[PDB]
Amino acid sequence: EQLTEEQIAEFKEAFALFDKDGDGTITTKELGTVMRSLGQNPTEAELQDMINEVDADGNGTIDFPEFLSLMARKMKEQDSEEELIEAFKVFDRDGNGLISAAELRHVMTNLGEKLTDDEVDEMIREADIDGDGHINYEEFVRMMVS
Ligand SMILES: [Ca+2]
Ligand SMILES: [Ca+2]
Ligand SMILES: [Ca+2]
Ligand SMILES: [Ca+2]
Ligand SMILES: [Ca+2]
């Protein structure tokens, strides 16, 4: 058990948008063509780093198996990111990109923990890097995963 025929089809369709000449490989050049379509014009050096990070057999191009592997890991990654984003948005009651002491205390109460200002301030101090007395998304993630 790993993937359905439909999943593999969608993986192939995506690979094809990179493999411009259908040779079964994505090169630095082909990756460049796609990115240039998306508004980025990376250097050959930048493209080669992008390939080297995922070309497992060090053969210089990415094959469909190599793509499946990097895709599956990116998707799981994005699942985790999304959970963190949705949580940050539960806490950032006003959406200004920062969890304040008042916001955190409000959400904690509803989460079942009726906290004092001193307690919530200590929580924030633990996570606060830029010293602004608020928890911004990076600070939230860094604490939640470490
Ligand atoms: Ca190709
Ligand atoms: Ca660049
Ligand atoms: Ca390869
Ligand atoms: Ca806020
Ligand atoms: Ca902060």
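Values reported hereafter were calculated over all heavy atoms of this structure, with side chains retained and with hydrogens, waters and symmetry mates removed. Residue numbers start at 1 and run along the sequence shown.
To the nearest 0.5 Å, the span separating NE2 on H106 from CG on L111 amounts to 9.5 Å. Considering OG1 of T25 and CZ of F18, their distance stands at 13.5 Å, rounded to 0.5 Å. Interatomic distance, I26 CD1 to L31 CG, rounded to the nearest 0.5 Å: 7.5 Å. Atom CD1 of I85 and atom CD of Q78 lie 9.5 Å apart (nearest 0.5 Å). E122 CD to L115 CG: the interatomic distance, rounded to the nearest 0.5 Å, is 11.0 Å.
At most 12 heavy atoms of other shown residues, nucleotides or ligands fall within 6.0 angstrom of atom CD in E83.
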Item to check | side chain to side chain contact (heavy atoms under 4.5 Å, CB included) between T27 and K20, intermediate numbers included | outcome: CA-CA 10 Å; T27 59; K20 298 315 201 179; over 6 Å; no
Next on the checklist: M108 vs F91, test: side chain to side chain contact (heavy atoms under 4.5 Å, CB included). Steps then yes/no.
Outcome noted: CA-CA 9 Å; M108 295 303 301; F91 285 100; 3.9 Å; yes
Checklist entry - Given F140 and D92, is the side chain to side chain contact (heavy atoms under 4.5 Å, CB included) satisfied, shown in steps? => result CA-CA 11 Å; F140 182 83; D92 180 11; over 6 Å; no
Item to check | side chain to side chain contact (heavy atoms under 4.5 Å, CB included) assessment of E82 paired with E86 | outcome: CA-CA 6 Å; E82 184 57 38; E86 297 187 15; 2.9 Å; yes
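Nearest heavy-atom pair, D21 versus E30, reported as atom, atom and distance to 0.1 Å: OD1-OE2, 3.0 Å. Here the closest non-hydrogen pair linking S100 and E103 is N-OE1, 3.0 Å.
Transitive grouping of hydrophobic side chains (ILVMFWY, heavy atoms separated by less than 4.5 Å) keeps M75 and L17 in distinct clusters. Each of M123 and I129 belongs to its own hydrophobic cluster when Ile, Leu, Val, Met, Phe, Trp and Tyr are linked at side-chain heavy-atom distances under 4.5 angstrom.
Judged as a ring-ring contact (aromatic ring centres under 6.0 Å, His included), and not counting sequence neighbours, the contacts of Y137 are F88. Considering only residues two or more places apart in sequence or on other chains, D118 meets the salt bridge (charged side-chain N to carboxylate O under 4.0 Å, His left out) condition with none of them. Qualifying salt bridge (charged side-chain N to carboxylate O under 4.0 Å, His left out) partners for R73, counting only residues two or more places apart in sequence or in other chains: none. Not counting sequence neighbours, the partners of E138 by the salt bridge (charged side-chain N to carboxylate O under 4.0 Å, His left out) test are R142.
Using modelled atom types, no side-chain atom of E126 and backbone atom of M143 make a donor-acceptor pair closer than 3.5 Å. A donor-acceptor pair is defined here as one N or O able to donate and one able to accept, closer than 3.5 Å; such a pair exists between the side chain of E139 and the backbone of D130. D117 contributes no side-chain N or O that, together with a main-chain N or O of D121, makes up a donor-acceptor pair within less than 3.5 Å.
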Scan the side chains in residues 46-69 for donor-acceptor partners under 3.5 Å anywhere in the protein, sequence neighbours excluded, and list what turns up.
unit_1: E46; atom_1: OE1; unit_2: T43; atom_2: N; d: 2.7
unit_1: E46; atom_1: OE1; unit_2: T43; atom_2: OG1; d: 3.4
unit_1: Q48; atom_1: NE2; unit_2: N52; atom_2: OD1; d: 2.6
unit_1: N52; atom_1: ND2; unit_2: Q48; atom_2: O; d: 3.4
unit_1: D55; atom_1: OD1; unit_2: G58; atom_2: N; d: 3.4
unit_1: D55; atom_1: OD1; unit_2: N59; atom_2: N; d: 3.3
unit_1: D55; atom_1: OD2; unit_2: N59; atom_2: N; d: 3.2
unit_1: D55; atom_1: OD2; unit_2: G60; atom_2: N; d: 2.5
unit_1: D57; atom_1: OD1; unit_2: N59; atom_2: N; d: 3.3
unit_1: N59; atom_1: OD1; unit_2: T61; atom_2: N; d: 3.3
unit_1: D63; atom_1: OD1; unit_2: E66; atom_2: N; d: 2.7
unit_1: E66; atom_1: OE1; unit_2: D63; atom_2: N; d: 2.8
unit_1: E66; atom_1: OE2; unit_2: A56; atom_2: N; d: 3.1
unit_1: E66; atom_1: OE2; unit_2: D57; atom_2: N; d: 3.3

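Through direct or indirect side-chain contacts shorter than 4.5 Å among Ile, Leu, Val, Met, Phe, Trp and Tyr, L98 is connected to no other residue.
Checking each of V90, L104, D94 against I99 for a side chain to side chain contact (heavy atoms under 4.5 Å, CB included) leaves exactly one that passes, namely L104.
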